[PDB]
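# Notes for the structure review
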Amino acid sequence: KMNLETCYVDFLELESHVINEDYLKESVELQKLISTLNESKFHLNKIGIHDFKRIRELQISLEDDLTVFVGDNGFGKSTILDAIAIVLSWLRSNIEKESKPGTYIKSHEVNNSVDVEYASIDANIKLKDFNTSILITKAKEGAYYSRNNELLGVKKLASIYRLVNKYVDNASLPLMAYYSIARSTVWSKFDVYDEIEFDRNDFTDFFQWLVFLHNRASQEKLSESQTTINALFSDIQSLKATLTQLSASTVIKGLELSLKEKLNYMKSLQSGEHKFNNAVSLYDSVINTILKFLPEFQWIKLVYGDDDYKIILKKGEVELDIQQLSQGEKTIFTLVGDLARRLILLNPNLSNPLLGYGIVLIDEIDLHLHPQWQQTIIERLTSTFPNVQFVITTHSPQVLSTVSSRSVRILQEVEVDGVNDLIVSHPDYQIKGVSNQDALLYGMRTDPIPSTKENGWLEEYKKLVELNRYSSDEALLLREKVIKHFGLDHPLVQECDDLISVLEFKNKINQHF
Amino acid sequence: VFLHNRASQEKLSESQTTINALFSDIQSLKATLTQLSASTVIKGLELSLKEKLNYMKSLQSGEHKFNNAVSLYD
Amino acid sequence: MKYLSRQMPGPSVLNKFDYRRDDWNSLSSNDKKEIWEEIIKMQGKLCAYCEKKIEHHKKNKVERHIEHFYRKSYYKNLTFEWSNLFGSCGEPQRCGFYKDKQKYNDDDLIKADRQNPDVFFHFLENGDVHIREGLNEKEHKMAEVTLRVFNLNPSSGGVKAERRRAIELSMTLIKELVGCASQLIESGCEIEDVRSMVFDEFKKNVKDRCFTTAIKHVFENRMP
Ligand SMILES: Nc1ncnc2c1ncn2[C@@H]1O[C@H](COP(=O)(O)OP(=O)(O)OP(=O)(O)O)[C@@H](O)[C@H]1O
Ligand SMILES: [Zn+2]
């Protein structure tokens, strides 16, 4: 019942009249704005494309939690992700600073057809009930494009975020990340950078970041913070001697001790910078996030030996090194590590920082993964961070079997009116819990069984067995070839031989009576 | 720097526990100095402090000179 | 598992060895070949515990090994006893290679030679094992512990995947036979007359097949 723009206009109206910053800080308009803003959900809604790369004209609607794109090679799977990256680049640039250019469209990315003149992209972002839209365009060579871009809507969102973050500290911001393919300030305080592109298989840099963070953590656990701890320890002992141990001027001594302890402890603890994002809380929050993602382990720690140092992980009753992990485990390790690092650094106020909002784009999630790993990645991703929007592209049929049919789109190519263009379809069945080949045959519409020459004799033999013919010499020699290639005890051969016994027994019993 | 971090690792862990408990006993002894010097509870507390000190001296740094860490750095 | 019908003793070369010699490694290749010949004759071509095929229709040969029902260290008096010999597959996660690294009371184990295993277990269509009800506490203890020690009832994968695949591959014969039986009882005939004939034919067609007991149990339940 509190629209975002209504509270925005009320706030900036009261802010224009009053020049007292302290009074405005406690104004109920600010509290209303913050309360309504926090409950909103940042989800993209629709994407429109025109004459971009192979794509001529298309409009796609996205889900709110998960969306999977399935297709062959050269079907525009990456084009959608690059389109969304260009859309989000301008919003991020305006967020950082007003009237800052984003990223443009390369000349070679325009369609190569004769009659093309310009290319444009349109988008729509929905926040609860507030809506916004943006359109970007470029012209091939000297033509007449659709004038210029349309950024009016995005500047309102950027102004809203700037205004909210200017008055109240430690606010929240949306997350935008894109894990691309090979191709080729709080962030500045520790080591991190503000870029939208991050690459996997960079385990060395994350390893060095982890050890450096652990070193700063340990440095911070010493020094002046020990003195406060010592005082607290004395406070516990003295109060005990005055109140607890005294009862196994006692009352006066106990009251004086408790009052002095409370006053000193409160004065010392309050003095200094708040918790915020000190290295101690970052280290343990990241470690606990990684431990939550992978419950098969017990603990992870860094050990300084007599002549070296290494990271130790305990699983079951075995201690393993970070360097004994396979490529897939390292890829998952760095992916989750970077995601957790960004989420912690973006929500310094929430009690559980894993409840932020944002959108994540992943291309070819099944890279360097064993089949047993592919069957559990989606559930963990969608359960560790339950308030984020995911857009994923994939190639393996094993991943598809764990995804509900509501959030899968299939890209095809058909020719209409003499022009070839791509189309988007949906599966005709529920593909959550089906086997491997059922998911391959339905979710992708390919052939699960290869077309090898050896299978030809099996198909011909089985067909010959249908129209009763298992007495001809041709059938005998085909059976000889089949029995030579596979063997007597191959399950397929036994199943083939079963039919013969069924027919023979059928006519036997039929003639018996 | 490799030496320095090793000392920090030894500076933490169970070395803190004996550091804290002995400090608490020292505080209690200081309280005994005050309150006009006040068996029973006093005997038990003194015996517990003596036992804790005996246990820590018994460990003797666990590896004694072998532990090194801080001693090598200094 | 099934009830193994032990025949008259044929240890042969095993009689030559004695307690003083011990030295199980000292057994010759010819002695092992003779023992395997007898074991193959008595056991068929399937594993004693998991009933997985162990010998092909004779370059690569399926891994197999000789197992002792009772541990050699504790029960060395039965080192060369004929009744303590068994044949097991080479799977590194079940059967003999898994029994060694476990702690259990021997007195509470099921022996295929002594008692019929069909009174405890009951397989299902999807490949899991269900313990029968109405058994005594001692029997429930043995049934519950033999599966645990033999790793024959995993949560997923392992033997269950193969058992499921075998059943789903053999389901067509069961469906056809039960259809024929239903048709033959919808016209009129003696129940025991048709029942003996179908049972005889089905039993004849299931000889020497992998996991023949699971398909056996899956057959009676559907049968009227
Ligand atoms: N300038 C262009 N004009 C027309 N078509 C183009 C142009 N540039 C690229 N294409 C088309 O783009 C197709 C490949 O698109 P894209 O990179 O999206 O494929 P993909 O297989 O989905 O990608 P990826 O393997 O990166 O996920 C090519 O088959 C080509 O026909
Ligand atoms: Zn076996």
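When helices and strands are counted, chain C shows eight helices and four strands. Listing the helices and strands of chain C from first to last along the sequence gives α-α-β-β-α-β-β-α-α-α-α-α.

On to the pattern of salt bridges, then. A salt bridge links A:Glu109 to A:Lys53; the shortest N-O distance between them is 3.7 Å. Note that A:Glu109 is positioned in the loop between α4 (77-96) and β4 (118-127) and A:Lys53 in the loop between β1 (42-52) and β2 (55-61), a separation of 56 residues in sequence. The closest approach of N and O atoms between C:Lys216 and C:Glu220, which form a salt bridge, is 2.5 Å. Remark: C:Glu220 and C:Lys216 occur in helix α8 (residues 212-222); sequence separation between them is four residues, near one turn of the helix.

Right, let's get into the interface of chain A and chain C. At the junction of the two partners, chain A supplies 10 residues and chain C supplies 14 residues. Per-class residue counts for the side of chain A that touches chain C are five nonpolar, two polar and three charged.

A word on the UniProt feature "binding site: ATP 4" (unreviewed entry) in chain A. All names here are of chain A. UniProt tags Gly74, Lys77, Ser78, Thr79, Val110, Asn112, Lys315 and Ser326 as "binding site: ATP 4" (unreviewed entry). Examined against the element boundaries, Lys77 turns out to sit in helix α4. Excluding anything up to four places from it in sequence, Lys77 contacts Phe69, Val70, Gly71, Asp72, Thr393, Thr394, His395 and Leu411. From its side chain, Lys77 meets the backbone oxygen of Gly71 in a polar contact 3.0 Å long. Assignment of secondary structure puts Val110 in the loop between α4 and β4. Among residues more than four places away in sequence, those in contact with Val110 are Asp51 and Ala119.

With that settled, consider the packing of aromatic side chains. Residues and elements named next belong to chain C. Ring geometry for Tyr49 versus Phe150: centroids 4.6 Å apart, planes at 45 degrees, classification tilted. Ring centres of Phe69 and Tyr70 lie 5.4 Å apart, and the angle between their planes is 75 degrees; this geometry places the pair in the edge-to-face category. Ring-pair connections join several aromatic residues into one group, and the members of that group are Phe69, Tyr70, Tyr75 and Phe86. In this structure, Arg71 packs its charged tip against the face of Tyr74, placed 5.6 Å from the ring centre.

This paragraph deals with the sheet that holds strand β8 (residues 299-304) of chain A. Residue and element names in this part refer to chain A. Ordered by their spatial adjacency, three strands build an open sheet running β8-β9-β10, and the pairing between neighbours is antiparallel. In this open sheet, the two edge strands, each paired with only one partner strand, are β8 and β10 (318-321). In this sheet, neighbouring strand axes are inclined to one another by 35 degrees on average, regardless of whether the strands run parallel or antiparallel. In this sheet, strand β9 (residues 309-315) lies alongside β8 in antiparallel orientation, the contact comprising six bridges. Among the inter-strand pairings, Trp299 is bridged to a residue of β9, identified as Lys314.

Before going further, it helps to spend a moment on the UniProt feature "binding site: ATP 3" (unreviewed entry) in chain A. Residues and elements named next belong to chain A. UniProt's entry tags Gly74, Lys77, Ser78, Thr79, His108, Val110, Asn112, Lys315 and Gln324 with the feature "binding site: ATP 3" (unreviewed entry), counted in the numbering of this structure. Position of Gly74 among the secondary structure elements: in the loop between β3 (66-70) and α4. With respect to the helices, strands and loops of the structure, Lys315 is situated in strand β9. Those residues in contact with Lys315, other than ones at most four positions away along the chain, are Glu296, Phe297, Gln298 and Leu320.

Basis of the calculations
- Residues numbered from 1 in each chain as written, not as in the entry; some residues may be left out.
- Chains lettered and ligands numbered in written order.
- Part of a larger assembly, values for the part shown.
- Heavy atoms only, no water.
- Residues with missing side-chain atoms left out of burial classes, pairs and counts.
- Helix = DSSP H or I, 4+ residues; strand = E, 2+ residues; numbered from the N terminus.
- Salt bridge = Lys/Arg side-chain N within 4 Å of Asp/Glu carboxyl O.
- Contact = heavy atoms within 4.5 Å.
- Nonpolar A, V, L, I, M, F, W, Y, C, P; charged D, E, K, R; others polar.
- UniProt positions renumbered as here; feature names shortened; annotations may be inferred.
- Polar contact = N/O pair within 3.5 Å; in protein donor to acceptor, adjacent residues only side chain to side chain.
- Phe/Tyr/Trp six-rings, centres within 6.5 Å; stacked < 30°, edge-to-face > 60°.
- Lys NZ or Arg CZ within 6 Å of the ring centre and 35° of its normal.
- Pairing = 2+ DSSP bridges.
- Axes fitted to C-alpha atoms, helices over the stretch in contact; angles between N-to-C directions.

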